[PDB]
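Here the chain labels run A, B, C and D in written order, and each chain numbers its own residues starting at 1.
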């Protein structure tokens, strides 16, 4: 009944954006804790601190210990309080960013996120995904506000391994299908209402950008460079997908992703790789026409995303393992109930096992 | 001049429908003879009797001796009379179902049919096909009413061998072409009049569902599971095709099927396999454009239906054998005279021999 | 411990041999019952009776009623006794030939067999295979002597459908592998002893002739003509294979063939088609090297013999059905115990299921 | 200067061996601690305890907590002492087996290992591989004696996912090349001397069995069954490879495997998958001829082992990451110095980067 859209205050993207972070950060605060692991500090630290200094922004670097846990969060909280910082900057990968969101939340301060990879649509969202230590989906943890600012330095991203860009396209790939399923069901998004037209359209624009630009961008990043295609994909993997999923909705593909986290065989594939397959399984679950399945199979195969259980490490008589995936995907509270029809574990198992068969037949025709 | 459509009273389909048969059967009678062979009783007996018991429906199981013959029919009639049953349930394959229709006819009682395979469109019809003992088409035997109720448990069907689903798609495949040929000829259907718009449209919907869903359903059933595609094909093979053929019309493809029953080389292929080829031959007989022939050849090849005489077991100098097929297909009273043009044995022989050549050339291009 | 080889007295082959049958038949008797069904009498009757008349051989035609049953046998016995015939001629297919062997056995008279097809290696042997009426292997029935004379008219055979020649090559294909397995096991043949060197060498010569001549012969028979390649294959399918199997030995392939007779899905494929697949399964059972499996797969695929369960009509979850095949193939008294190692139902099931997989992978590479 | 070969006392293999474990275990002790995790107890527990009971062998089950750590080892030690057990049985995967070896070592008792998968050649060896918690190779830990007995139930193994059999073939694949390199260098094995002729020949027999039987076995295990090919591969992955590597020698491939453990991108691939690629890199390092590289590439591609960095999860500008792999592979004490020539990090980096290119070119020709 209410339609709600939420968003980070400002999203900034472009080549060498890191060198301009000080103008934008200054507008929120004149003193920041900078959370980054050591690899990221060596990569990005001199440019960032340089930018901050140049705009009269004070900064204390803090070494992040790799994991997003209450201990590290409480620790970084105390450190912040002791130097008197009035803002948090997170720089690097997902665990660094999720940690910076939490620090800023508990200290009630503004946060600037600087992803150094574009492999998931997490950065813009008022969200963190908690797993167990064994790698098994635990909970969506939801903040009451979005990050203030998200800064995407495309030059940095295009030097990161192409596999991480592909995984982000895999995560982005589900956005349209989950958003349109929710929209059809009149389901409530994580923003707390029905989807706006805006959030659905951004989600569709995500899918359409991936199809137009995904191969061109992959080729550029394999060469280590930024073209306009790369700029478009980075927007698609980050802003379009991030607003689409948070303000428009999650459904079967992410629930199926969560369900796959109960199998050890997958546990090291990247989130977006698994979500791509979960999207395929969603297509079978909702009975998408063959032309649309073909389009998705050709896209995933062309950029290197998995289209069979074997490419996810799963072989043999996986009947029981996929029934376990299916039960977990259908747990109370999971997003798969946002589909515009009733879903059961047996239906999910069917969709998975069948998607595997579709992708295996597609591989045999090679194209 | 009159348009007539007839139908079973109720058609019910879905996963685990067998477990709900008691509510629906109760509405017609509170006491049933259950006709099933031993394999089917072992497969389905506990679920069915369980359902019946749970709704206060009384039941006597009777072991079916495999064949639909007057002896078995008269026998099962006497047995029914002796326990006082007020309804018949047929469960299993075609011969079991055809037997239950006859028992219910002679005893004038309501009948519930529970097909455990979806390999022909017989179940809904007021009809049985009589062969000789040598396997040669004898007659259409026509009842004055349709079965009261037809129950399709999709979970059971999806565990049956994929070859039986394919054969049902083969039988369903002819439905549109025969119905539209009859419609064009203003021919009289087995329902006794000209076709309604309804029966023709269901027949077209049959063809269109096969093209959209046939491969997807085949893949799911190869995995042993039910998806929405499987639900659609089962409806297509059963209800759409059954109403289409009975109330819209048969024409060349089924007459050609009947004609093939004079050759020993074919006699063990499934009905729908032969009907698929008979459909191809119908396309040549009525001079369908090449694009439509291509579509059908690609469909049959993609799901595993025969497109040449050699795939039907026929080789060598089959000139004389196909002339025998052609004479038999053109016998007085056969459905091939429902074509909107004059058909002769020589024309039928021509269409068969030519269809074989089309399918052999298609195989050489592989696609 | 004893080595024994047995043989028909004389085997005669060549184009238009039917027209010379009188010289050879005269040497055994001057008066024959001629057993042939009506189709065969119309095809071959005038040439045969012509030949017999021309050499002063008396003859009474008797119409064979299609089946090899004690009734028909006892009947034809009485008829023979009443005209005073001193010899039997069988002309046509396997059931006609098996009937003539029995008539000659019970009446203790000489028999001339004239096969009009070369689709099995039965004709030369002191044997008949009894099935049930449901098509299920019953028993080997063994006579105490071989037919006196076997006459192969190659012109007649080359006008018969190519599929029957292929099926005979399929039956012949097993001969070497079964003979060499028996030889290795020191197993006793149906001739009652260990194999001679002669019977084993004929069996090997069978395999080697099929590989050299099989495609060339198939091409000629597709054109309806006799070349030297066709003459060689007919000898291979008839004399080489017949002596090889009777005097050298049967083993897994024929036991597996027998086991497949418990499935309805196969029951109409020709004997040699099934035996070809049973040969493949034997290769897996005895762990033949991949190069030898490849050779056989390429031969069967090149001439049109089945290399998968699906080409034998078997699909879906055939785990239980193949366990039934395997149990039946291992029954007490079956030939599979002639293998040079211990065989169990589980091993046979394994070999079958694995052979199917080999042949399916071969089909995917097309070659 | 001394040649030394060591071995488990007895290696036993075959279908349903688990049901015969009691006769063999009884010969070493009449009372065992049985170490198995819960999944394995549910799978194998009733058969094993059944066998033990039937031969008068006493047994206390102990639940293994998944990890091979001193804590779990010391714990299981105390438990053993308290019930008075005179032997240890390990049943399941590598961590369970490595734990049972340690328990038996510290308690100085006999040990029976029952692997339920054939994915590495660890079981027969007097060895455990210690990693860090971050998954990074730590040390070879060496016991002074081999396990007393190793029991391979082939029926159990053939029901395990095919991917685990493939990974064991990947581990086995390196055995010949590392053994022959050591032999050539006159390097000292983990058994403490120069290689015997016996250990080298078993290693070669390993390679030759993989090439003859690997595809056939893979096909059988995909069907869930045991053929002779599967029996041969299980021997190859377990006994042949285990003696080959321990008593003949490790060299570049396993050192390169260890070096890859410093990258997160690989950390979840199975040991044998990584070792297969490390074998390829060894081929380039020692300049194997192209025909031998082709043979290995075709084998790995045909069974599903990785032949490029991308199939190991590594993409982009991996120059620095592969230099890190190369440094770690060349650490003091690593097995790569067993090569018959001087190896440097730069040479290893070269071999890796070049192997990737070979495998990528091979993929482009598809074959």
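Following the convention adopted for this analysis, a contact is a pair of C-beta atoms (placed from the backbone, for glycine too) under 8 Å apart; a residue touches a chain by one contact, two chains touch by 3 or more.
Enquirer: Repeat of C-D among A-B, A-D or B-C, where over half of the residue-numbered contact pairs coincide, is which pair?
Expert: It is A-B that repeats the C-D interface.
Enquirer: Which one of the chains is farthest from subunit D, going by Cα centres?
Expert: The chain lying farthest from subunit D is B.
Enquirer: Whole-Å distance, subunit A centre to subunit D centre, using C-alpha means?
Expert: 37
Enquirer: Could you give the separation in Å between the centres of subunit B and subunit D, each centre being the mean of its C-alpha atoms?
Expert: About 56 Å, centre to centre.
Enquirer: Cα centroid separation between subunit A and subunit B, in whole Å?
Expert: Using C-alpha averages as centres, the distance is 50 Å.
Enquirer: Can you list every residue of subunit D that touches 2 or more other chains, as numbers and ranges?
Expert: Subunit D, residues with two or more chain partners: 222, 224.
Enquirer: Which chains touch which?
Expert: A-B, A-D, B-C, C-D
Enquirer: Spell out the residues on subunit B that touch subunit A in their complex, using ranges where they run on.
Expert: The contact residues of subunit B facing subunit A are 15, 212, 215-216, 219-220, 222-229, 232.
Enquirer: Give every residue of subunit C touching subunit B within the complex, in rising order.
Expert: Going by the criterion above, the answer is residues 159-163, 221-222, 224, 265, 267-269, 304, 310, 313-318.
Enquirer: Given the complex with subunit B, which residues does subunit A contribute to the contact?
Expert: 284-287, 289-290, 293, 346-347, 349-351, 353-354, 356-358, 361
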